[PDB]
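Just the one chain here, laid out as structure tokens, in the form deposited in one PDB entry.
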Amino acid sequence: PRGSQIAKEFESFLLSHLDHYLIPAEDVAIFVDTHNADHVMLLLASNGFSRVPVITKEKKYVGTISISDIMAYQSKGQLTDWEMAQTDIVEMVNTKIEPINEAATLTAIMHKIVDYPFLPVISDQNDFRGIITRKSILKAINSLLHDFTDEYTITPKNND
């Protein structure tokens, strides 16, 4: 059979704080597929971002990029610094984090946010809608842990 779902009461409460875990595309730092390998490497080391979403000039999701992705590509094809200043990031884009849909179940988001630091949210047409981070989920989880008892009563159950 299929696995367990999160309690309907928890899913109901968290869906009243949707604004918290979904971070819109306009508030998320991104790189374009046509951007320079060396330039985004210098930028990733200055900003100190583990990995950043890569999108196209028409705002469509491509993958993610990190310093370790660029550095692995440099070793793989023995590319010099001058050659890296002429290479776009399309060729070294990480596609391991499978993007979730806008209509994803909160039970799936909770399972996937454990595995990845962030989940890119896309439309059925692959338009980058934004990201869901471990931090934004924990903000909503924190409100749940403090305010769940405002609309709900929890009583212990004895199974013995």
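The term rigid core refers to the most C-alpha atoms you can superpose between the two forms while keeping them within 1.5 Å. Start at 1 with the first residue shown and count on from there.
Another form, the form deposited in another entry, is not on view; read the next lines as being about it.
Peer 1: Answer yes if the CA of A25 moves 2 Å or more between this form and the one not shown after aligning the rigid core, and no otherwise.
Peer 2: No; that C-alpha moves by less than 2 Å between this form and the one not shown.
Peer 1: Examine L14 after superposing the rigid core and state whether its CA is displaced by 2 Å or more between this form and the one not shown.
Peer 2: Moves: yes, 2 Å or greater.
Peer 1: Since the Cα-Cα distance for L15 and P24 shifts by 3 angstroms or more in the other entry, is it a contraction (closer) or an expansion (farther)?
Peer 2: Compared with this form, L15 and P24 lie farther apart in the other entry.
Peer 1: Once you compare with this form, do the C-alpha atoms of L14 and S143 lie closer or farther in the other entry, given a change of 3 Å or more?
Peer 2: Relative to this form, farther apart in the other entry.
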